[PDB]
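Data block below; observations after.
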Amino acid sequence: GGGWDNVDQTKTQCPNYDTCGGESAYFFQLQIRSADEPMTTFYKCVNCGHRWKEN
Amino acid sequence: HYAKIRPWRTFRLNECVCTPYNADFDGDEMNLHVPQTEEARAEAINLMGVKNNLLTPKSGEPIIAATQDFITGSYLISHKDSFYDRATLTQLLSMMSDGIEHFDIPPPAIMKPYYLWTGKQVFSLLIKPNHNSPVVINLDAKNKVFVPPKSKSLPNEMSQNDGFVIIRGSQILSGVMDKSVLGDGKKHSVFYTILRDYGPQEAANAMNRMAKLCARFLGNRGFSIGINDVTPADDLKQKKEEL
Amino acid sequence: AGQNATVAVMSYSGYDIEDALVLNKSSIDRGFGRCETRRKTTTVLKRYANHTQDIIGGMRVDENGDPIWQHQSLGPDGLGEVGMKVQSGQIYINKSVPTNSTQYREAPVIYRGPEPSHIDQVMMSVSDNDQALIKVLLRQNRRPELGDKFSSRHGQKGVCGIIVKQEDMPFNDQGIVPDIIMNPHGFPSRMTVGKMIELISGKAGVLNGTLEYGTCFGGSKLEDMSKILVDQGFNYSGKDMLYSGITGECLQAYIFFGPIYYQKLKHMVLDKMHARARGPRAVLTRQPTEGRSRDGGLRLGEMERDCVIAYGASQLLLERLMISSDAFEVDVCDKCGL
Amino acid sequence: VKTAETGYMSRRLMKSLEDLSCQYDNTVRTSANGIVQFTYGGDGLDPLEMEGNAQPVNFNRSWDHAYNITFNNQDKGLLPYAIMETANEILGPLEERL
Amino acid sequence: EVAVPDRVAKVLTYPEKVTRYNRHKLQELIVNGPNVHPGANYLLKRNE
Amino acid sequence: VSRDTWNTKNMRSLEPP
Amino acid sequence: XXXXXXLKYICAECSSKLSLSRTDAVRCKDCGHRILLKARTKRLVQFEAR
Amino acid sequence: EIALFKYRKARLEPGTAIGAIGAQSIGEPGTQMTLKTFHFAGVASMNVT
Amino acid sequence: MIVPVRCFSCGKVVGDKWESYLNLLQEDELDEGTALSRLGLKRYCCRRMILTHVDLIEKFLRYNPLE
Amino acid sequence: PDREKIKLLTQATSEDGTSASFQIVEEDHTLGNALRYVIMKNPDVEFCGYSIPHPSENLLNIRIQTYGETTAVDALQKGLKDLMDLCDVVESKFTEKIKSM
Amino acid sequence: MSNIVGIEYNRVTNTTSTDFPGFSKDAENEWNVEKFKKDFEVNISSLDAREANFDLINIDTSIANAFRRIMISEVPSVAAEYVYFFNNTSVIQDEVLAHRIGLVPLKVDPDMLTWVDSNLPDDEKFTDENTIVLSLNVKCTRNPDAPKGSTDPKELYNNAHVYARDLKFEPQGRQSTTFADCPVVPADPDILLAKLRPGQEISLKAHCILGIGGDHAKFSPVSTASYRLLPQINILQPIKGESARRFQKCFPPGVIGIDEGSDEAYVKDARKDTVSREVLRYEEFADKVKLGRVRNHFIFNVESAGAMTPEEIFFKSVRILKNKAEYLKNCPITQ
Ligand SMILES: [Mg+2]
Ligand SMILES: [Mg+2]
Ligand SMILES: [Zn+2]
Ligand SMILES: [Zn+2]
Ligand SMILES: [Zn+2]
Ligand SMILES: [Zn+2]
């Protein structure tokens with residue numbers, strides 16, 4: 001099945017908003033840059049599942 | 001690029017073209033090469049030129065576009081609370097250009113009690129300074145923060161915030177100047193549309209106009225962050241503690 | 001190691017995007033960020049098996065009695081005069097090496113520096129093995145310029161993007177003007193609230209006459225600093241109203257204004273600026289040398305070759321990789337491919 | 001670890017596609033003149049030149065732009081069938097060309 | 001565009017050939033010489 | 001204070017160098 | 001009118017004025033110190049007061 | 001007219017280093033993703049690389 | 001090293017107030033804040049120029065090589 | 001006769017005047033903003049504004065656009081004279097108050 | 001709105017002039033003297049030998065800022081430019097000593113020097129009308145009568161501290177007579193130029209020329225020249241009893257006062273007010289107070305470095321603005 005109910009959500013509209021009106025997106029933050037750039041946040045739309053990284 | 005001889009000891013570049021390089025003026029060093037033959041020089045400036053490479057070949061989405069402060073200044077100008085009288089508007093346009101561009105001042109959005117222009121008119125003039133300029137842009141775009149209109153039946157530009165951008169005849173009718181409209185990766189960008197419809201030179205002229213305007217405008221307008229912008233409200237403390 | 005720069009956290013001049021800083025001219029004039037570098041050069045007058053050793057004589061003159069330019073700061077001893085300037089090409093240690101190591105070939109120590117230095121210490125001594133030892137310290141004052149790196153104890157580094165006149169800088173009611181302007185865009189993503197608290201605590205400390213404490217898990221409480229700020233007539237949040245230096249009007253937003261400790265980092269653009277047109281080449285491969293001190297060239301790696309290929313620029317590939325690196329007119333026989 | 005690990009991956013991919021170029025007959029061929037693709041992507045379309053979602057033309061923006069460019073309040077709107085006749089008069093010669 | 005230091009502009013040169021179209025410009029550059037930026041560092045004669 | 005100095009004195013320094 | 005312009009060695013520890021003749025020694029003559037420093041030059045050194 | 005012009009302009013040009021462009025278009029995004037598979041905390045799905 | 005002649009931000013002369021500030025601290029002791037206010041250092045830039053200065057020249061003179 | 005101080009930029013100049021860009025060397029925001037204010041207080045001026053194209057150049061391009069009545073050169077001369085009169089008034093008031101006290 | 005700069009809790013409003021024809025249908029506020037000449041007022045709050053506080057009333061922000069910028073960066077002053085070290089045996093590097101000497105302000109009045117022309121040879125460039133020569137000759141010798149345990153270097157050694165006063169004016173030709181009544185002296189003579197120990201000497205002379213603050217800060221004649229808009233505090237509804245005391249504590253002590261009998265709070269002196277918006281964070285005076293700033297009322301505070309008087313600095317600034325306007329007007333426009 002799936003336990004996506006237990007995953008941190010946030011209020012972000014996916015890039016594919018015209019196809020799916022998703023106001024929420026699962027996220028997790030990683031610092032995949034040098035320690036002088038800020039952290040990177042990865043997203044996953046709750047309405048389509050489209051993943052993207054907003055950095 | 002085209003060389004421009006300057007007095008200091010650094011390689012200076014427009015912040016719009018930092019994204020393809022992945023550069024961030026934190027001590028970054030970049031290598032400059034001077035081609036030595038006519039054929040190599042022509043090939044460089046015609047195939048690898050900045051104007052000819054505003055889109056990444058991996059997806060075609062624009063990659064040379066507004067950076068952080070340019071986006072913020074554009075948003076603050078296009079913000080619905082922004083009203084400018086004639087003197088302020090003409091100074092804004094002169095900073096947008098080098099003072100060497102003709103501008104056809106349109107009729108003000110507000111005609112009584114005062115002659116006030118909105119910042120969206122300022123950006124419409126940024127796109128199309130006068131009647132001789134051929135850039136006529138028609139665009140529909142969603143800003144990255146778009147709260148939907150109060151009803152499902154209402155059109156997208158009736159958003160409660162300025163979250164939907166409408167441009168008709170290079171006249172910005174709604175929406176703020178966002179990252180989704182002036183930044184990279186969006187095929188509904190203003191610069192992407194200007195490029196695809198009128199040429200890399202027109203797109204680059206718009207980008208330069210926007211960069212100069214933002215650079216000269218943000219400092220005089222004032223934009224700052226402090227402890228009060230991150231301090232929680234007193235009610236928030238209690239709400240958080242109980243939650 | 002640092003200085004308490006008057007910092008206004010605001011967008012300014014457009015030259016402060018992406019970690020770039022705005023530096024006050026006339027703060028640099030008054031000595032803010034002013035550093036210096038001292039470099040030593042050591043030479044040994046080594047004795048040889050043939051009862052011979054190096055000497056440091058020199059300073060020949062011209063027909064008018066003055067020394068030649070190459071020896072303009074050399075002294076009779078043949079070691080650079082303490083306190084005199086050396087430009088590029090001059091000698092500060094006139095060493096000569098024997099030709100049969102009676103006759104001494106010249107092997108002097110020549111200053112190769114884009115900016116002149118000043119001899120500030122010539123140490124004449126002997127090593128533990130009765131061998132003459134010479135040490136010359138070259139000091140060089142350095143103004144903070146465009147591209148010099150600064151940091152602020154919170155991982156917020158960045159080079160000087162522009163240096164602007166004091167009158168163009170924004171000012172407050174008392175005429176206080178920032179030494180450094182740093183972008184507000186560096187705060188939200190890096191999430192350095194410690195830097196804001198440092199600004200406020202430093203402001204309250206300078207206004208109260210006491211150094212404050214920012215110890216981990218402790219330090220001076222923000223409410224106390226805000227109380228000090230309010231007592232002296234300032235906003236509790238450290239946000240003062242400034243006027244524009246170029247328009248004179250009130251800034252429409254209150255500007256985070258106060259002292260922040262800023263450190264000047266060792267990476268100066270004067271030691272990084274390198275450019276080569278033609279010069280020394282590797283003996284084996286006949287390609288440009290690979291060091292800045294050796295007037296080296298910039299390597300165009302496989303990655304840059306791949307990028308130029310993806311552009312489809314065949315002539316640029318040819319010029320960068322053959323014409324401008326190593327072009328050899330070989331003789332090839334048509335009968336035997338040798 | 002990613003730095004070097006991914007660095008070779010990109011170089012390796014290039015080594016395999018180093019000599020693949022679109023020919024003048026609209027075929028993708030190796031340096032040995034052997035065919036890899038008879039038409040690039042089965043489309044012949046450059047990914048750098050697609051204005052829509054992986055499509056060459058954004059129909060909605062194109063229609064809006066055309067209507068605004070050619071707008072004139074003094075102009076007779078075509079009947080719904082006449083629009084189709086104009087469309088089939090422009091497209092359809094190109095259609096029987098194939 | 002890129003803003004190039006005059007210090008590195010005075011070392012990084014372009015080998016421009018003299019034609020009927022740019023001879024006066026190249027003469028002015030040669031007179032300026034290698035120390036004033038709108039100048040020239042080297043000259044290569046046609047028969048040398 | 002409260003006395004003019006510019007009226008009496010020729011402002012030589014204000015000439016353009 | 002107008003206006004015109006405008007071998008002593010030092011012991012490291014004893015601060016004595018030395019005069020090293022032609023190939024004599026590198027020692028201090030007052031104590032056994034082996035470290036000597038050139039004194040400041042006697043001629044003009046000009047700086048911009050900036 | 002606009003649609004036909006755009007479709008004609010979208011055609012791949014002969015001589016394009018399309019193989020090299022594809023290699024870089026597949027490799028440049030490959031330098032931004034971690035070699036360790038990072039998952040959303042709570043999915044508890046199979047650990048496919 | 002030694003107290004700068006002017007404040008970095010204003011240009012107000014603060015190099016003629018270092019010894020007076022030290023004497024205010026030692027003779028007839030005051031708080032640092034009121035000693036800075038007594039000298040006329042109203043602006044916080046001129047205040048920090050004196051409050052944060054580290055007199056390293058007195059420590060460098062302990063190694064004077066031409067005694 | 002200083003012919004290198006203020007120049008008319010011919011590429012950014014309309015026909016029959018009424019629109020012109022003037023390049024003034026060795027000037028900056030000080031003269032630029034005051035001149036822009038004074039010129040904007042001229043009822044024939046519809047567009048005034050200056051830009052310093054680059055901080056590394058002592059340069060100032062000031063754009064004047066008028067209606068059909070007068071020319072940009074006329075408006076610029078009028079603004080300069082009016083700034084002169086403004087400074088006269090300020091000087092007179094300051095001198096009077098300094099004398100009085 | 002209307003000429004008052006709005007001071008809110010989160011933003012500043014009405015920062016632009018809006019006093020030009022074209023702002024509204026009534027094409028008023030077109031430029032004319034005898035209107036500016038009648039409206040404009042000067043109010044000199046105080047005048048000292050080094051500080052001036054005066055008000056420019058009914059003048060534009062652009063003109064006032066032009067004055068301020070000229071004062072800071074365009075009024076000439078005399079400072080040391082070239083330092084010729086005969087001997088610097090101290091611990092401070094020569095370049096550092098030269099910088100400090102240049103930063104020393106000299107009490108030499110301009111208009112008694114001529115601008116140096118750099119198009120001439122060094123041997124003919126410096127004249128008596130052109131340059132001030134200041135010598136510094138100081139030598140540190142251990143004080144033999146030093147008191148027991150007298151750590152203080154002042155009693156331990158002679159001339160252990162170099163001061164700006166140690167710089168001595170060397171009159172050259174006419175200077176001997178022109179500067180006879182006014183020998184060039186440092187405005188601040190207690191500036192600690194250097195600290196020396198026995199055996200260390202400093203011997204130099206400095207050539208002090210006219211310069212411009214925009215060129216180097218050492219030539220700027222003002223410690224700070226700046227203005228502030230006159231604060232305006234409007235009490236919309238009566239505040240009384242103890243909320244009045246709480247209101248009074250949100251301002252500097254002498255800003256607003258407490259009335260006797262009336263017991264209401266009233267604005268006693270808005271000039272003494274630093275705009276901190278401390279009253280705007282309390283949600284009980286939110287509907288009772290309105291903070292503002294008069295946009296065309298400027299409170300200039302000019303503090304001279306010491307060379308000239310602040311009133312002379314301000315007049316030189318307004319004259320500089322007028323003179324550049326006149327020079328530009330007389331210049332012929334080249335195509
Ligand atoms: Mg970085
Ligand atoms: Mg970087
Ligand atoms: Zn979605
Ligand atoms: Zn053969
Ligand atoms: Zn000794
Ligand atoms: Zn200060």
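Every chain in the structure tokens takes a letter, A first, then B, and so on in the order presented; its residues are numbered from 1, and the ligands are numbered from 1 following the presented order.
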
>> Neighbouring residues of ligand 1 are defined here as those with any atom at most 9 Å from a ligand atom, counting only C-alpha atoms and all ligand atoms; list them as a PyMOL selection string.
In response: (chain A and resi 33-37) or (chain B and resi 23-28) or (chain C and resi 19+157-158)

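Computed from the coordinates, the atom CA of residue K:195 to atom CA of residue I:48 distance equals 22.0 Å.
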
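Between atom CA of residue D:15 and atom CA of residue H:22 the interatomic distance comes to 11.7 Å.
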
> Skipping near chain neighbours, those fewer than 5 positions away, what residues fall within 9 Å of residue D:1 using only C-alpha atoms, listed as a PyMOL selection string?
Replying inline: (chain D and resi 6) or (chain H and resi 34-35)

Go ahead and write the residues just picked, N, CA and C atoms, as an mmCIF file, in the first residue's frame.
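The result, written out as again-v9.cif:
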data_model
loop_
_atom_site.group_PDB
_atom_site.id
_atom_site.type_symbol
_atom_site.label_atom_id
_atom_site.label_comp_id
_atom_site.auth_asym_id
_atom_site.auth_seq_id
_atom_site.Cartn_x
_atom_site.Cartn_y
_atom_site.Cartn_z
ATOM 1 N N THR D 6 29.904 10.961 -10.668
ATOM 2 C CA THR D 6 29.031 11.468 -11.762
ATOM 3 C C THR D 6 29.889 12.063 -12.885
ATOM 4 N N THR H 34 21.824 12.735 -5.787
ATOM 5 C CA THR H 34 22.673 11.980 -4.877
ATOM 6 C C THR H 34 22.797 10.527 -5.318
ATOM 7 N N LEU H 35 23.967 9.937 -5.062
ATOM 8 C CA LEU H 35 24.129 8.507 -5.298
ATOM 9 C C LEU H 35 23.447 7.691 -4.208
#
